[PDB]
Amino acid sequence: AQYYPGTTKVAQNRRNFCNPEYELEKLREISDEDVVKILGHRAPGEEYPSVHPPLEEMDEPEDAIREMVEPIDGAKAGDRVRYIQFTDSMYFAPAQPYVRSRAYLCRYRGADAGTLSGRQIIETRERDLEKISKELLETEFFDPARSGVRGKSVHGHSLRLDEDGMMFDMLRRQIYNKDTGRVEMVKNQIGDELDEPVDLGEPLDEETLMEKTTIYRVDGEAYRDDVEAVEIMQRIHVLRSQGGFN
Amino acid sequence: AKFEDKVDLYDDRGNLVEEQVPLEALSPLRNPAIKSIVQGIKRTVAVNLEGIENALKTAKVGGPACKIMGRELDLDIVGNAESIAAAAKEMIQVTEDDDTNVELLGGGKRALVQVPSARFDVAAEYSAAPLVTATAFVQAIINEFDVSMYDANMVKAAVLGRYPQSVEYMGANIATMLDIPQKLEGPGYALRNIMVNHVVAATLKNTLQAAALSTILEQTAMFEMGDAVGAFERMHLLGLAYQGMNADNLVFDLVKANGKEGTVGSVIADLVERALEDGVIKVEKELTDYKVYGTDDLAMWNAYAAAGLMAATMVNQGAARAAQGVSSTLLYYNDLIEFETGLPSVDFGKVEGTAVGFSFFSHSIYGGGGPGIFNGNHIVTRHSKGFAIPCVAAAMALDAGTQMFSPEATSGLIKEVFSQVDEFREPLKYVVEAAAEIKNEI
Amino acid sequence: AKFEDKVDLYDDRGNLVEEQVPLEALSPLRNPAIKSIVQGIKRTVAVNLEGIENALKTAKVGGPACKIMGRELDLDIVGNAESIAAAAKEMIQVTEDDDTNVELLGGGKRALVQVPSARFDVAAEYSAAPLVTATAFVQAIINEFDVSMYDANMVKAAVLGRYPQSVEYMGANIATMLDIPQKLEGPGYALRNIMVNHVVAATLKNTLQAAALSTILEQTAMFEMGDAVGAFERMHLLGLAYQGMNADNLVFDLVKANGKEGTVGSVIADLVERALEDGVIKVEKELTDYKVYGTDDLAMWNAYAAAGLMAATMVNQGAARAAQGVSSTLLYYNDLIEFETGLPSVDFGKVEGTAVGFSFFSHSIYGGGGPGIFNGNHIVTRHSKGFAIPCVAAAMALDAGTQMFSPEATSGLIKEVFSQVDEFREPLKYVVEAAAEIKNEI
Amino acid sequence: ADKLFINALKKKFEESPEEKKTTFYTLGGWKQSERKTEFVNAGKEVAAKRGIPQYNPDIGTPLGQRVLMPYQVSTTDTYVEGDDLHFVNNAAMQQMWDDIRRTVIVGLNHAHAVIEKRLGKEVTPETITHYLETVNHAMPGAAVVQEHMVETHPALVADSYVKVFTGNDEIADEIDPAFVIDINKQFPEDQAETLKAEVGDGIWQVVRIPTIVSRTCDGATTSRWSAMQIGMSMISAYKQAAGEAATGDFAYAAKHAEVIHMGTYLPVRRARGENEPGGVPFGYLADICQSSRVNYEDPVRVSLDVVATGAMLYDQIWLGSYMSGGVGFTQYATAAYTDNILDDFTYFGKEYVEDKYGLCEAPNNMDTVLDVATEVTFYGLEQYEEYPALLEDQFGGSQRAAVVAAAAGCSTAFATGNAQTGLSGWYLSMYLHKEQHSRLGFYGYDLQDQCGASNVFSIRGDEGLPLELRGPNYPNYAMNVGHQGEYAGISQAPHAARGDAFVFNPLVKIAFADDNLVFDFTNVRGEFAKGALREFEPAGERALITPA
Ligand SMILES: C[C@@H](OP(=O)(O)O)[C@H](NC(=O)CCCCCCS)C(=O)O
Ligand SMILES: C[C@@H](OP(=O)(O)O)[C@H](NC(=O)CCCCCCS)C(=O)O
Ligand SMILES: O=S(=O)(O)CCS
Ligand SMILES: [Mg+2]
Ligand SMILES: [Mg+2]
Ligand SMILES: [Mg+2]
Ligand SMILES: [Mg+2]
Ligand SMILES: [Mg+2]
Ligand SMILES: [Mg+2]
Ligand SMILES: [Mg+2]
């Protein structure tokens with residue numbers, strides 16, 4: 001598949017995030033327990049709650065589509081559907097809202113993705129959400145200064161950065177330590193205090209954010225100069241226009 | 001035939017039924033099984049005899065939480081159901097042995113009623129079904145027990161509710177799959193105001209049959225609204241056949257190839273490969289490491305893309321066995337396929353636009369609700385001209401129990417009565433059989 | 001037969017046509033001419049090609065006083081009417097040999113369109129007639145002149161108006177006798193929302209034909225509403241026969257006896273004497289110098305009193321050649337006959353009550369208007385179940401020019417087109433002939 | 001020169017507007033703001049008086065971790081916190097809506113024909129003037145025929161009256177001038193000649209019912225109230241029986257056959273009668289705004305005053321209350337009428353088109369849409385990338401999408417002279433913006449945006465309509481903020497560049513050219529600022545009939 005037109009670094013990064021045969025660069029290690037803490041849906045040690053019984057205990061009648069589509073493991077078990085949500089700064093965060101939803105529906109099964117200017121969300125069965133969330137948090141989808149895990153009070157994507165290069169957060173979930181140059185998550189994504197903070201690594205430096213970003217800007221790569229990407233968007237405009245007429 | 005196209009027809013197990021049938025043998029205007037389904041849904045009513053009896057004994061009539069103390073009437077309606085049903089049938093029919101059906105269900109607790117077809121060929125619309133059914137049961141109950149002139153108005157309230165003070169039959173103990181003509185968002189929309197959960201209940205959650213019934217009702221409405229007239233008619237018919245009727249086994253085969261491990265993106269890649277293999281699209285220009293595709297048949301490209309969009313919903317929401325993400329599939333299947341190809345998405349962007357508002361109105365505070373409560377007449381999901389709602393019906397058929405407003409919650413009276421009717425329950429069987437029967441008359 | 005009654009049927013000149021016709025042969029459920037009229041009403045549209053051309057040339061589209069400067073388009077639509085109508089007809093029809101009719105009138109300034117009955121048998125209601133007609137004419141005008149994508153939306157505004165920003169086709173240059181389904185006062189009302197001036201225009205002001213068309217539409221709606229089901233059916237059928245079909249020549253003979261010098265009161269005296277002579281009423285009790293009449297057949301008393309009410313309208317408003325007093329005749333014919341007899345008036349007081357409100361709302365500041373702008377769906381005149389509005393149609397047929405909102409003011413487009421159709425213009429003929437044809441099948 | 005938004009940005013923040021970093025969390029939360037401090041204090045007083053907790057800054061999350069900004073009302077030097085632009089707190093905004101809701105236009109042409117034909121009586125300038133004195137007593141709720149009538153208090157209903165207009169100068173001259181909207185006085189000479197030719201010898205009433213009645217009841221009251229009192233004044237002034245058959249023709253004409261409602265009724269899911277915001281087409285909203293007859297040598301000022309009228313009515317009052325409610329949608333609307341931001345972008349586009357093509361001179365086609373809407377979309381997006389303080393001001397993507405696409409769409413229509421190609425430029429701007437920044441608006445913002453290109457030129461039943469006839473009930477537009485008022489501006493734009501006196505209905509344009517309105521429709525943004533300052537005096541209050 002080709003995913004997206006264009007000849008800039010931005011365009012190639014957008015293709016890479018969509019392409020399941022591109023290996024997402026892993027930038028940091030997070031334990032399974034600390035991913036459950038950041039999510040905030042269950043306590044370490046708590047069994048997965050269920051919304052319905054396991055599919056095996058259901059005995060549904062014959063349906064060729066059900067028989068051909070393998071359920072994800074959380075669906076087999078009857079897990080609740082839960083979420084993880086991110087905000088990405090317009091000052092060169094690596095991922096951005098539509099790049100996420102497009103990539104999630106190429107790489108992940110059983111996925112409900114939503115895009116907005118200040119937040120982007122995925123909802124799926126709980127145990128599968130924990131495995132996807134580890135990849136979202138450990139890889140180049142995430143920078144701990146320019147991206148934020150936030151289930152509410154999302155304001156910041158369009159704000160000036162603070163003195164430390166950190167995006168605004170009304171609830172201060174991610175704290176940069178000026179003495180150490182590392183960021184710690186000190187609350188879960190809905191803003192409750194964690195018993196012990198989770199290290200998220202060092203912010204990426206400016207050269208690496210420019211290598212990895214998927215936003216076009218006049219002080220980076222401008223969209224108007226990626227003339228092949230612009231030509232495809234204008235083509236889809238004109239073809240939709242003519243098709244609705246005759 | 002006005003068009004040259006032919007399609008191969010399959011069953012709900014993916015086995016060939018009839019080869020090379022003219023496309024117009026599936027048209028709502030020609031297929032006799034689609035006529036029988038539209039006339040059946042115009043004329044069929046569910047009667048809750050147990051609900052009438054309980055409303056009367058408790059004086060709980062006229063809408064939620066309402067009661068009139070002192071007006072209670074204790075009548076053995078369920079115990080005398082046979083005699084009441086027979087008396088109501090004699091009023092509902094036009095002649096003895098015509099197409100009127102009155103059948104008890106649930107040991108007399110419910111009745112399936114099919115008002116005779118001849119009453120509709122002399123009516124402007126479809127309200128004779130609840131109105132003639134309600135009055136025949138109200139008069140049969142008053143006659144069974146000799147209810148007095150002073151008390152009979154309580155029977156009327158328990159059957160049809162607060163109408164005509166309310167515009168709707170608010171609190172009624174009868175139900176239809178159609179809703180009142182005043183609630184149409186525009187003229188021609190009545191076959192669109194049919195709740196997704198009602199289609200999933202009548203088809204017993206068989207995914208292909210729920211998608212077929214929804215596509216039949218949606219694209220039939222597109223005829224009545226004039227959208228399938230003239231330049232646009234072939235686009236609508238091709239959408240019916242490929243997205244709703246599994247023409248050429250394309251939705252089935254894309255689901256088979258992507259069910260084990262697939263995603264919305266893997267279904268897009270398989271559909272683009274199959275459109276190129278079949279000559280529906282071709283490379284028009286090369287840009288830098290990017291092929292621009294064109295087509296000389298936009299209606300057929302739209303129909304292949306629509307079939308892919310239905311298979312992507314079955315793969316994504318079937319994998320989660322959770323309907324909610326159908327709003328995301330309907331958005332990003334279309335968004336991704338435009339940047340994958342340089343061609344316009346399904347319904348020229350109108351599926352994507354329906355899916356942006358449907359996503360918002362199924363995950364926000366402002367309105368909407370879960371996927372099952374939408375319909376082609378809802379303000380959020382009326383905008384695509386038949387290509388979106390049938391995928392919601394497929395996703396709700398696949399849902400294993402994630403919804404509070406499930407078909408068990410909203411549609412149990414519809415389920416018990418309408419799933420008895422073979423053409424509503426298994427319309428993919430009956431409409432393909434009828435198309436093969438008329439194939440040399442088109 | 002369910003009923004034993006028979007009636008004798010006459011033409012609009014008072015001559016016998018067919019004797020001893022079973023009552024059910026005139027039922028809207030059985031009579032095939034009533035079926036053809038109702039299906040005709042559903043599928044017929046008037047197209048004003050001159051109006052479309054003038055709206056385009058001036059950019060005056062979207063409702064009263066509206067104009068878009070700089071959007072003017074000068075198209076020779078009436079000069080190319082034949083080609084435009086033929087191209088529309090090929091999109092409107094289903095097949096080559098169906099019952100689609102497209103006919104130019106007025107040198108190409110107007111077209112009569114009858115959409116094929118088959119599009120209705122797979123539709124929920126009747127809006128396919130204006131919506132299929134409008135799109136086929138918009139597409140045929142665009143194709144005739146090769147109107148560009150940038151300008152074509154002005155053709156759509158000139159044909160169908162401000163819809164869908166407005167709920168109605170506000171500013172449209174097409175017209176139908178029915179109105180949109182959202183305007184029904186209740187479910188089942190659509191055959192009642194037909195302006196009295198449109199029935200009088202269609203029937204060319206022939207008084208008996210205007211009364212017969214109005215009664216067939218009102219009483220056919222009574223079946224669709226369920227009012228004519230079970231205990232009430234015979235009442236409704238005898239009303240149709242005696243008030244609308246001149247059964248037994250009762251209406252005609254009352255008018256002949258009272259036309260020269262009679263009043264509403266002289267008609268009442270004759271009708272009471274005729275009821276007594278036929279055995280419909282009899283003296284039950286003597287008070288002091290006052291006979292109290294009774295009846296063993298309330299439906300037949302009601303029908304005879306209904307025939308007298310129609311005759312009283314024709315005598316009173318015919319003598320003035322001024323329709324306004326129909327509101328008074330509907331009130332006091334019923335008020336006088338109850339104190340004349342001790343029996344209930346037409347529709348058990350519901351005509352009298354409709355007449356009270358109609359009188360007020362045709363002589364006051366609050367609403368309503370002249371007789372011609374009422375209809376069975378109007379809030380003021382919906383209350384009688386078919387026994388009032390036909391008299392208003394007979395009164396407006398008899399008006400010699402007293403009304404500002406006359407049929408020439410409100411209904412000229414409807415007159416030109418719909419009076420071409422023989423069964424709309426002269427329904428009494430066709431429904432009589434049909435009743436004779438099926439008389440042995442009842 | 002400085003971009004037009006620089007002064008406002010320099011007022012909001014201590015940094016120059018180009019600066020990329022700031023500091024947060026040290027402003028004391030809500031305590032930084034005069035208006036939030038007023039609200040905290042008032043909440044405690046409210047909750048004690050009524051015995052139920054109410055406004056409390058410690059419920060939920062703590063506002064004011066960043067600067068709570070002032071806003072400049074565009075074209076003014078007035079700066080206010082955004083709460084002063086919420087419609088609940090702004091009596092000028094409430095009055096703007098009451099003056100539209102309580103107005104109807106009612107012909108006298110049928111009525112004069114019933115008088116001459118059915119009654120056989122004469123109509124002259126004299127009998128019209130006598131009728132207008134009578135209806136100006138009756139219309140606010142006072143009696144002219146019956147004994148023992150009880151009446152409305154004149155000072156509670158002092159904003160209700162009836163005027164007339166006509167294209168016939170020599171009647172407009174012969175009727176008492178207190179009652180006449182004088183076209184020649186109110187409009188420049190070229191627009192006056194267009195408008196008089198449209199009206200011709202027709203004579204039309206502009207009827208305003210009392211604001212206190214509109215507020216008690218609803219928009220569908222207005223044409224009924226108007227017709228009752230026209231009916232009483234026709235009976236009194238022309239000597240009818242007080243209630244005869246002809247009286248019904250005056251009622252049908254005033255209620256149905258010669259009325260112009262400001263809005264048409266709505267479908268049942270959003271059930272509302274006439275004269276509600278969702279029924280007002282975009283062409284009428286541009287003709288209600290009176291900037292066209294004052295600012296006609298500046299088509300950008302005329303178009304942006306229409307955007308301000310429509311963003312406030314359709315997003316704040318209509319979508320943000322009638323169709324939702326709560327805190328609502330103040331700043332989704334304020335983005336289109338504050339800080340001179342839309343003004344900077346639209347003046348750039350106008351200059352681009354005047355230099356390249358000349359106003360109204362470009363081909364009306366897709367080549368022009370692709371050229372102008374792409375150039376103006378990139379200009380507006382570049383400003384948010386060059387000025388960090390501008391991006392932090394219009395912080396929500398939906399606000400930026402509506403402002404950039406309004407400038408692109410208006411500029412396209414200034415080139416073509418046709419609103420439909422301006423609408424196609426609005427949708428192309430959305431698609432380019434979404435790809436440039438990898439975001440657009442809120443979760444549901446581009447439902448109409450993605451249907452948009454395909455429905456601009458469609459001709460199908462519920463799809464096809466010129467933009468001037470569309471409104472908040474066009475199906476794709478029925479739900480979402482950040483579009484409707486901007487579409488009213490695009491509807492105005494080609495007509496302001498052409499010099500046209502009106503956009504869609506010349507009777508509506510004349511009906512608001514009246515200094516007896518409470519709100520001043522020639523200066524909508526000035527009025528919003530007066531209301532924000534608590535300096536506007538609305539009608540409708542009950543002070544005269546309540547204790548001191
Ligand atoms: C969708 C529909 O809600 P329902 O699904 O019918 O509950 C509709 N609301 C809205 O459109 C909300 C529009 C204003 C709030 C969101 C603005 S983006 C209404 O209340 O009639
Ligand atoms: C009849 C109908 O008026 P129209 O005939 O539709 O103009 C209706 N008015 C009324 O019912 C007026 C009732 C109040 C005044 C009379 C009270 S007795 C209405 O405005 O909808
Ligand atoms: O977050 S949502 O798009 O649902 C609503 C924005 S006000
Ligand atoms: Mg690990
Ligand atoms: Mg095979
Ligand atoms: Mg593959
Ligand atoms: Mg006599
Ligand atoms: Mg005696
Ligand atoms: Mg600084
Ligand atoms: Mg002032």
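Each ligand, and each atom within it, is numbered from 1 in the order the structure gives. Chain letters run A, B, ... following the sequence lines, proteins first, then strands; residues in each count from 1.
- Counting the atoms of ligand 1 from 1 in the order shown, those under 4.0 Å from a heavy atom of D/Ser324 are 14 (C), 15 (C).
- For ligand 1 and D/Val481, the ligand atoms under 4.0 Å from any heavy atom of the residue are 18 (S).
- Atoms of ligand 1 lying under 4.0 Å from at least one heavy atom of B/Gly367, given by number and element, are 3 (O), 5 (O), 7 (O).
- Side-chain contact of A/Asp162 with D/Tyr25: a donor-acceptor pair under 3.5 Å is absent, judged by distance alone.
- Heavy-atom proximity to D/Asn480, at under 4.0 Å, picks out these atoms of ligand 1: 18 (S).
- Applying the salt bridge (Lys or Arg N to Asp or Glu O under 4.0 Å) criterion to D/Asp462, with sequence neighbours excluded, gives B/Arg382, B/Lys385.
- In this structure, of D/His483, D/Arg269, D/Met479, the residue bringing a heavy atom nearest to atom 16 (C) of ligand 1 is D/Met479.
- Residue-level proximity to ligand 1 for D/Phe329 is carried by the side chain, the only part with a heavy atom below 4.0 angstrom.
- Residues B/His198 and B/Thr410 share a closest heavy-atom pair of CE1-O, 3.9 Å.
- In this structure, D/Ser398 contributes its side chain and D/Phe442 its backbone to a donor-acceptor pair below 3.5 Å.
- Near B/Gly368, the atoms of ligand 1 lying under 4.0 angstrom from a non-hydrogen atom of the residue are 4 (P), 5 (O), 7 (O).
- Taking the centre and axis of the six-membered ring of A/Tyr98, the NZ or CZ atom of D/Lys434 falls inside the cone set by 45° and 6.0 Å.
- Each of D/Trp426, D/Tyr314, D/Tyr477 was scored for a ring-ring contact (aromatic ring centres under 6.0 Å, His included) with D/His483, with one residue passing: D/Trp426.
- Within ligand 1, the atoms closer than 4.0 Å to a non-hydrogen atom of D/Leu319 are 14 (C), numbered from 1 in the order shown.
- Short contacts between ligand 1 and B/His378, defined as distances under 4.0 Å to a heavy atom of the residue, involve ligand atoms 5 (O).
- Counting heavy atoms from C-beta on, the side chains of D/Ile317 and D/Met96 never come closer than 4.5 Å.
- Listed by number with element, the atoms of ligand 1 under 4.0 Å from a non-hydrogen atom of B/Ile379 are 1 (C), 2 (C).
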